[PDB]
Amino acid sequence: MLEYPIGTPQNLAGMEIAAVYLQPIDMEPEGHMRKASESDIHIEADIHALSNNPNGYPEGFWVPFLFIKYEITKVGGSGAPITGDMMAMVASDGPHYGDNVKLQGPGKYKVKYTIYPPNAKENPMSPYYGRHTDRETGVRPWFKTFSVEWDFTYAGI
Amino acid sequence: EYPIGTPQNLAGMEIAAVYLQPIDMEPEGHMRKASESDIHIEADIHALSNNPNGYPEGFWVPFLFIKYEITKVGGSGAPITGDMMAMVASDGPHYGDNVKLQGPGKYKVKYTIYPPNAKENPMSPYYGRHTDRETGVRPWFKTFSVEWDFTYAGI
Ligand SMILES: [Cu+2]
Ligand SMILES: [Cu+2]
Ligand SMILES: [Mg+2]
Ligand SMILES: [Mg+2]
Ligand SMILES: [Mg+2]
């Protein structure tokens, strides 16, 4: 699949956190994404386990049941961020966290993701995902909510 | 880990059934307590090559909902029923449940696998699927069931 990377990936808590963007998409169920015709991009968080991930994920596996909030700010604009929540979904290249976003024209932007673990109060998927805690098959506790930032230049795609 | 027959290949996925000792899980109060169970039953679901829903080969298939039915051969005739829950363990993510069985002997195991958009799937409002030409994938598989036979001896 064809995508545009936003900066360089960041490694935190045995996970690789990468930011990418593409053209606005169409998704099932309908009515969750902002219509493709009213958006500029599909913003995406690519989260995969690294070697020796402490939550039992083999290397390169998708990290599931996370909750991602984003804030996008145009450099030299109003000063008010474009905010939203991502949603977990699958595309031709595999599962990810994404959202159709309307930007504020060509320019430099700051992108911030707030990544919530599966047990966070803010994560709506918390009652649906568990973690083994016994000695023989258990894993380490979940990481705590954290934020990651990148810069990028948007020209129009 | 103890196997429940042979894995079955359906709708671009490998579906395998296994069991091991009852486990402990966070959040507490979802699993039947390890001390009140005989086994932890699992559904191991991974994508095959050319999976029609965009999953690369060997990837875990997420946001599924699995219902199981376990009936002891020669017993009452009434199945032990339940819902599995998605979780992670040292060997990776899977769908599992702590289960109390009815003694050693032969059992029939049936899993009903619900796609992410099924009415019965409680995770349906939280998982999407791209449908556009450039990044889209094929529609979800329809709900299906898989069965195996196994002999239970214990621990
Ligand atoms: Cu997406
Ligand atoms: Cu389990
Ligand atoms: Mg991608
Ligand atoms: Mg214990
Ligand atoms: Mg296993």
# chains A, B, ... in the order shown; residues from 1 in each chain; ligands from 1
>>> residues_around(residues="residue 39 (chain B)", least_positions_apart="2", cutoff="10 Å", atoms="only C-alpha atoms", output="ChimeraX atom specification")
/B:18-23,34,36-37,41-42,97-101,154-155
>>> write_last_selection(atoms="N, CA and C atoms", output="PDB file, in the first residue's frame")
ATOM      1  N   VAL B  18      -6.599 -25.325  21.323  1.00  0.00           N
ATOM      2  CA  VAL B  18      -5.669 -25.845  22.325  1.00  0.00           C
ATOM      3  C   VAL B  18      -6.227 -25.615  23.716  1.00  0.00           C
ATOM      4  N   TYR B  19      -5.592 -26.255  24.712  1.00  0.00           N
ATOM      5  CA  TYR B  19      -5.893 -26.025  26.112  1.00  0.00           C
ATOM      6  C   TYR B  19      -4.647 -26.169  26.947  1.00  0.00           C
ATOM      7  N   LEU B  20      -4.673 -25.585  28.133  1.00  0.00           N
ATOM      8  CA  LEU B  20      -3.569 -25.620  29.082  1.00  0.00           C
ATOM      9  C   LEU B  20      -4.222 -25.443  30.451  1.00  0.00           C
ATOM     10  N   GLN B  21      -3.422 -25.251  31.491  1.00  0.00           N
ATOM     11  CA  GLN B  21      -3.913 -25.030  32.844  1.00  0.00           C
ATOM     12  C   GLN B  21      -4.779 -23.748  32.916  1.00  0.00           C
ATOM     13  N   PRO B  22      -5.715 -23.645  33.889  1.00  0.00           N
ATOM     14  CA  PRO B  22      -6.470 -22.383  34.071  1.00  0.00           C
ATOM     15  C   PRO B  22      -5.503 -21.245  34.407  1.00  0.00           C
ATOM     16  N   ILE B  23      -5.775 -20.045  33.893  1.00  0.00           N
ATOM     17  CA  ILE B  23      -4.883 -18.906  34.076  1.00  0.00           C
ATOM     18  C   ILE B  23      -5.474 -17.824  34.968  1.00  0.00           C
ATOM     19  N   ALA B  34      -9.241 -19.485  38.424  1.00  0.00           N
ATOM     20  CA  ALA B  34      -8.381 -20.640  38.139  1.00  0.00           C
ATOM     21  C   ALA B  34      -8.685 -21.827  39.066  1.00  0.00           C
ATOM     22  N   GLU B  36     -11.478 -22.692  40.338  1.00  0.00           N
ATOM     23  CA  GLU B  36     -12.804 -23.247  40.055  1.00  0.00           C
ATOM     24  C   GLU B  36     -12.898 -23.806  38.630  1.00  0.00           C
ATOM     25  N   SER B  37     -11.738 -23.931  37.959  1.00  0.00           N
ATOM     26  CA  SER B  37     -11.635 -24.377  36.569  1.00  0.00           C
ATOM     27  C   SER B  37     -10.685 -25.569  36.416  1.00  0.00           C
ATOM     28  N   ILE B  41      -9.170 -22.761  27.761  1.00  0.00           N
ATOM     29  CA  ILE B  41      -9.365 -23.189  26.385  1.00  0.00           C
ATOM     30  C   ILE B  41      -9.056 -21.992  25.456  1.00  0.00           C
ATOM     31  N   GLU B  42      -8.356 -22.234  24.356  1.00  0.00           N
ATOM     32  CA  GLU B  42      -7.997 -21.152  23.451  1.00  0.00           C
ATOM     33  C   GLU B  42      -8.378 -21.408  22.007  1.00  0.00           C
ATOM     34  N   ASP B  97     -10.738 -18.745  27.501  1.00  0.00           N
ATOM     35  CA  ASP B  97     -11.639 -18.790  28.654  1.00  0.00           C
ATOM     36  C   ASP B  97     -11.244 -19.870  29.650  1.00  0.00           C
ATOM     37  N   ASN B  98     -11.461 -19.616  30.974  1.00  0.00           N
ATOM     38  CA  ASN B  98     -11.231 -20.663  31.960  1.00  0.00           C
ATOM     39  C   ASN B  98     -12.516 -21.472  31.978  1.00  0.00           C
ATOM     40  N   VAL B  99     -12.376 -22.791  31.905  1.00  0.00           N
ATOM     41  CA  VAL B  99     -13.499 -23.701  31.792  1.00  0.00           C
ATOM     42  C   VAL B  99     -13.418 -24.822  32.818  1.00  0.00           C
ATOM     43  N   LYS B 100     -14.552 -25.143  33.428  1.00  0.00           N
ATOM     44  CA  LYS B 100     -14.695 -26.295  34.308  1.00  0.00           C
ATOM     45  C   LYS B 100     -15.292 -27.433  33.422  1.00  0.00           C
ATOM     46  N   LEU B 101     -14.592 -28.576  33.329  1.00  0.00           N
ATOM     47  CA  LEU B 101     -15.030 -29.733  32.549  1.00  0.00           C
ATOM     48  C   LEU B 101     -15.780 -30.717  33.445  1.00  0.00           C
ATOM     49  N   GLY B 154      -6.375 -34.761  31.798  1.00  0.00           N
ATOM     50  CA  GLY B 154      -6.079 -33.796  32.844  1.00  0.00           C
ATOM     51  C   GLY B 154      -4.783 -33.055  32.564  1.00  0.00           C
ATOM     52  N   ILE B 155      -4.245 -32.442  33.645  1.00  0.00           N
ATOM     53  CA  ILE B 155      -3.010 -31.670  33.852  1.00  0.00           C
ATOM     54  C   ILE B 155      -1.797 -32.387  33.224  1.00  0.00           C
TER      55      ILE B 155
END
>>> closest_atom_pairs(of="chain A", to="ligand 2", cutoff="12 Å", atoms="only C-alpha atoms and all ligand atoms", output="Markdown table")
| residue | atom | partner | partner_atom_place_in_ligand_line | distance |
| --- | --- | --- | --- | --- |
| A:56 | CA | ligand 2 | 1 (Cu) | 11.7 |
| A:129 | CA | ligand 2 | 1 (Cu) | 10.1 |
| A:130 | CA | ligand 2 | 1 (Cu) | 7.8 |
| A:131 | CA | ligand 2 | 1 (Cu) | 7.5 |
| A:132 | CA | ligand 2 | 1 (Cu) | 6.4 |
| A:133 | CA | ligand 2 | 1 (Cu) | 10.0 |
| A:134 | CA | ligand 2 | 1 (Cu) | 10.6 |
| A:136 | CA | ligand 2 | 1 (Cu) | 11.9 |
| A:137 | CA | ligand 2 | 1 (Cu) | 8.6 |
| A:138 | CA | ligand 2 | 1 (Cu) | 9.4 |
| A:139 | CA | ligand 2 | 1 (Cu) | 11.4 |
>>> write_last_selection(atoms="N, CA, C and O atoms", output="short mmCIF file (atom, residue, chain, number, x, y, z; two decimals), in the first residue's frame")
data_model
loop_
_atom_site.label_atom_id
_atom_site.label_comp_id
_atom_site.auth_asym_id
_atom_site.auth_seq_id
_atom_site.Cartn_x
_atom_site.Cartn_y
_atom_site.Cartn_z
N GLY A 56 4.08 -9.51 25.72
CA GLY A 56 3.91 -10.79 25.04
C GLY A 56 3.74 -10.75 23.54
O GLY A 56 3.52 -11.80 22.93
N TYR A 129 -10.48 -6.67 26.52
CA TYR A 129 -9.13 -7.18 26.32
C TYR A 129 -8.48 -7.44 27.64
O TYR A 129 -8.48 -6.58 28.51
N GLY A 130 -7.92 -8.63 27.75
CA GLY A 130 -7.25 -9.08 28.95
C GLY A 130 -5.76 -9.26 28.79
O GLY A 130 -5.18 -9.07 27.71
N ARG A 131 -5.14 -9.67 29.87
CA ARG A 131 -3.72 -9.88 29.97
C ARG A 131 -3.49 -10.99 31.00
O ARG A 131 -3.94 -10.85 32.14
N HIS A 132 -2.77 -12.09 30.64
CA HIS A 132 -2.41 -13.13 31.62
C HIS A 132 -1.43 -12.55 32.61
O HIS A 132 -0.56 -11.75 32.23
N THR A 133 -1.58 -12.91 33.89
CA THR A 133 -0.75 -12.44 35.00
C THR A 133 -0.06 -13.58 35.76
O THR A 133 0.79 -13.30 36.60
N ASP A 134 -0.39 -14.85 35.48
CA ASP A 134 0.24 -16.00 36.16
C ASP A 134 1.74 -16.14 35.77
O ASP A 134 2.13 -15.60 34.75
N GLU A 136 3.68 -18.78 34.65
CA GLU A 136 3.97 -19.58 33.46
C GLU A 136 3.61 -18.94 32.12
O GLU A 136 4.33 -19.17 31.14
N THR A 137 2.51 -18.15 32.05
CA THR A 137 2.04 -17.58 30.77
C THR A 137 1.82 -16.08 30.81
O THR A 137 1.43 -15.49 29.80
N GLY A 138 2.06 -15.48 31.98
CA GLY A 138 1.84 -14.05 32.17
C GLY A 138 2.83 -13.16 31.48
O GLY A 138 3.90 -13.59 31.03
N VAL A 139 2.46 -11.88 31.40
CA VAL A 139 3.26 -10.80 30.81
C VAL A 139 3.34 -9.62 31.76
O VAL A 139 2.61 -9.57 32.75
#
>>> residues_around(residues="region 70-72 of chain B", least_positions_apart="4", cutoff="10 Å", atoms="only C-alpha atoms", output="PyMOL selection string")
chain B and resi 76-82+99+101-111+147-152
>>> closest_residue(among="A:119, A:11, A:73, A:147", to="chain B", atoms="only C-alpha atoms")
A:119
>>> residues_near_ligand(ligand="ligand 1", cutoff="10 Å", atoms="only C-alpha atoms and all ligand atoms", output="PyMOL selection string")
(chain A and resi 21-22+24-27+33+42-45+86-92+94-100) or (chain B and resi 127-130+135-136)
